[PDB]
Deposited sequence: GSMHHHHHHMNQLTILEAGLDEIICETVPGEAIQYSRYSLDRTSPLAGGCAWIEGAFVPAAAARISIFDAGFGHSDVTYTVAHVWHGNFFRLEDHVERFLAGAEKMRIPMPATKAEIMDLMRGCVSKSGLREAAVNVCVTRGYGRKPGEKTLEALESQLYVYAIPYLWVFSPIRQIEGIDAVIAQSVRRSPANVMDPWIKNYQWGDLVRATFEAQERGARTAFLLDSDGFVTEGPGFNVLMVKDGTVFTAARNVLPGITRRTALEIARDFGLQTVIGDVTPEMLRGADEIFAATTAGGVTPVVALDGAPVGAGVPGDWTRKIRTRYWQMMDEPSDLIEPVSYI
């Protein structure tokens, strides 16, 4: 089922530096039950209901060129989903941001993926009081790619999965970022069996939702369409839609049919682990012209250039 090669001349470029590895936390740092530890050594109690019940939600913020991107938006969504899942939060928004910034700073990574999750926990904590049994776990590790940097430029192929559907809103809601990947994993297997890189899942009514780790967007005659129901409201998606509106395009978050996809001018995936990815073939047929689309490239370009432009959306890490 640390730094990476990227396309010369294109918008995705790691930082040019070298990491001080005297620190055992350099390269990847987790925070577990009050301790900053080397990511490789980070372990959780097997009795955490985050494991045995998948009673856990999370988000992933990224750092690029030493800048957090939309860290505040991420933690607010993380917090809103934990409230929806009814998991009490054992730390404030400010505290969580500080723990994430601490994991990144300690790791020294300028290109990084920062996971924070909260679990229902494993019962009373070692040692207090009504005191919360929820557990926060954080880690900052090298930036993750669902699709490689080369494919961020050259594009991927996809299928509409036929053997599995996305988890319904009234079973376990994709709106809450969650670790229940049973359907997403099955869809990844199906993609492999059919010779594609990834799969889009349909919901029970047959509408297009998302894929294993990314939102799905399409462009058609000057409008960008993306699903409202049975998907995570991704923050890459939010950015792409803000970019598209700046470019004068219209945006619609609403029901997306497979016929809409098949007729689309352009399709692309969006996720914090990779950014904006052209999808150039669907179910064996070309998407539009079969090459990364015009709007796709100009949205992807703007996305990466934002990593370096001062704005309310970026926050430099203090290392």
In deposited-sequence numbering, the unmodelled segments run 1 to 12, 14 to 22, 149, 152, 343
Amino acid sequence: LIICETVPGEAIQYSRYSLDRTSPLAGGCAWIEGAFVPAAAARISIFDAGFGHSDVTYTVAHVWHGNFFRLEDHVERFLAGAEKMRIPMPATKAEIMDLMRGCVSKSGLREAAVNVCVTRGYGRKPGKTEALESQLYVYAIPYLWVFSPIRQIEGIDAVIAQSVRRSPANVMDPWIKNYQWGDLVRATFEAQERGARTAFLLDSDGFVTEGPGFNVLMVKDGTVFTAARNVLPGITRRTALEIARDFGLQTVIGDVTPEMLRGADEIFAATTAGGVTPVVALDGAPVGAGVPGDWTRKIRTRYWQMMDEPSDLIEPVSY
From here on, numbers count along this sequence of modelled residues.
Mean CA B-factor: is it higher for 162 to 170 or for 221 to 229? 221 to 229
Can you let me know which of the two, 19 to 27 or 302 to 310, has the higher average C-alpha B-factor in the entry? 19 to 27
Among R238, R77, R186, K128, the highest C-alpha B-factor in the PDB entry belongs to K128
Of the residues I44, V276, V56, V287, the one carrying the largest Cα B-factor as recorded: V287
Within this chain's modelled residues, let me know which third the CA B factor of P38 belongs to: lowest, middle or highest. highest
Among the modelled residues of its chain, does the C-alpha B-factor of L249 lie in the lowest, middle or highest third? highest
What third of the chain does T119 rank in for C-alpha temperature factor, lowest, middle or highest? lowest
Going by the entry, which third of its chain does the Cα temperature factor of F51 land in? lowest
Going by what the PDB entry lists, where does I141 fall on CA B-factor within its chain: lowest, middle or highest third? middle
